[PDB]
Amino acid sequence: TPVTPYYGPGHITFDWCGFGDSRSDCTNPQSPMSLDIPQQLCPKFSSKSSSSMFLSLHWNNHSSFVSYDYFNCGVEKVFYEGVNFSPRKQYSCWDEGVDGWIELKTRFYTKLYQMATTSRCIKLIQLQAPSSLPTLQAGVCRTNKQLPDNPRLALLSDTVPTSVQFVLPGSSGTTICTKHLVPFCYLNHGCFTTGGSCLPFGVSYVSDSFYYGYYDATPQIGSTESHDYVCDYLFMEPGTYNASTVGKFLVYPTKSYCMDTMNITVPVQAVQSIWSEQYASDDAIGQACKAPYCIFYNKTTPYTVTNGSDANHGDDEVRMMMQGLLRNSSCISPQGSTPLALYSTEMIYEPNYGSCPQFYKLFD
């Protein structure tokens, strides 16, 4: 008798974990009305109300930034966060606009999901301040919104080449760090006018066996000088590195995602994380969560609360999807989960893993 996949995420052994936001945070004063997951699954999630994994990479706590030290381990991984950095927030820093940060959000989750599939543990860590830091003036956003804390952007007193050393540790507590996801950011579009002349913007992360950099000294035309805050999200092995500069501008990381290694690749699972239609959302999660590294469980309805704490907590669709995490499944796929069975009532697509039933019509 063919089985029907249950639409939503799932797990095949005990060794699974979740990463989330208010909708999976049982410490919320309105829990369990504010949850989209079953309450009994709160212990499987690393979650904080008003946070996201992207926001927490770039910022610590500020007036409208709730930063959380995300930390969890699992061969299988379910992500249900993201919404707390969306166009509703109206955030930009330099001239890149709100859409600029939705691109950076997309880049970050893309890299996080990829790196996650070869790791068990993922831990957001604070990095040590470099030793012997020269004098530094804090960077600012042109928008005067909060400058990211990571990576640090600061200004030296002079314009000559210099370098500071940062350490990506090989472990954090009992978590081994076989690699790090680290942001590399810069102000693009030519020379940057400060100290009374238009200076080259040139920064890099280097070691004996690593290089990533940016350089631009292109002159500005008339009064049109404009720069965007841009980031690339890098895979970096543990060890000691230099944050280098051709002068004036210094960029070095202050936080990273520490990850360990597991010897089998397993796609992660991401559930669409959006606001009600009162507010502006984006599709960064869906654009980041792509075969072969991520199984994306989209919503087919708006965020729709009939018995929750407010219009943005207690979506009926996601609540139904998350019931899938209560079962001990054999097959995980974009169609959802199944137990061990010969046949399926529908085609099972990729990515999938475990032992999956085959579409019954194939056997007539």
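Position 1 is the first residue in the sequence shown; the rest follow in order.
- Two stretches are in play, 126 to 134 and 231 to 239, and the higher mean C-alpha B-factor belongs to 126 to 134.
- The PDB entry assigns the greatest CA B-factor among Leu104, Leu187, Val268, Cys177 to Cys177.
- Going by the entry's values, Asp158 shows the largest Cα B-factor out of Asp149, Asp158, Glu81, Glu277.
- In this PDB entry, the Cα temperature factor of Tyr70 sits in the middle third of its chain's modelled residues.
- The deposited CA B-factor of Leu342 belongs to the lowest third of values across its chain.
- Sort the chain's modelled residues by C-alpha temperature factor and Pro200 lands in the lowest third, per the entry.
- Compared with the other modelled residues of the chain, the Cα B-factor recorded for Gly8 ranks in the middle third.
- Ranked by Cα temperature factor within the chain, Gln165 sits in the highest third according to the deposited record.
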